[PDB]
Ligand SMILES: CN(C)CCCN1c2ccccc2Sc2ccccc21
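Next up: just one chain, as structure tokens, the form solved without this ligand.
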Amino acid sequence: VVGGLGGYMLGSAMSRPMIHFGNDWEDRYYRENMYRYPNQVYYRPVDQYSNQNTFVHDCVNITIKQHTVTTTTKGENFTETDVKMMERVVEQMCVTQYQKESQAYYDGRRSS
């Protein structure tokens, strides 16, 4: 727990997507430095929620407050640029993550 976190669950596993920062150099810089960013995202269970917006952005909030602290406490030091790029990343991650947390719920709750 990040010294707060009301129960937050970690993700599953996703990869490096191919972001669209809309600057040529940004698309290069990320293509090299993408490994700095997390391979999972922290979410809340779908068990009540409403609004994909807040699922993704509270996920992005916490995750960019977790994989900072988790690493920024070991003497890594995330650049400003990395932090803003990581936003696009963890946003597109947690989009796909909520597709699991909704579907694995709504389909898991079938049985046979």
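Start at 1 and count along the sequence shown; that's the residue number.
If you look for the form deposited with this ligand bound, you will not find it shown, but the lines that follow are about it.
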Evaluate residue 83 for contact with this ligand in the entry with it bound, applying a 4.5 angstroms cut-off between non-hydrogen atoms, and reply yes or no.
no
So in the entry with it bound, does any heavy atom of residue 4 sit within 4.5 Å of this ligand?
yes
Taking any heavy atom pair closer than or equal to 4.5 Å as contact, tell me whether residue 55 reaches this ligand in the entry with it bound.
no
Against this ligand in the entry with it bound, would residue 40 count as a contact residue? Criterion: heavy atoms within 4.5 Å.
no
Segment assignment from 66-74, 83-91, 45-53, 25-33: heavy atom within 4.5 Å of this ligand in the entry with it bound
66-74
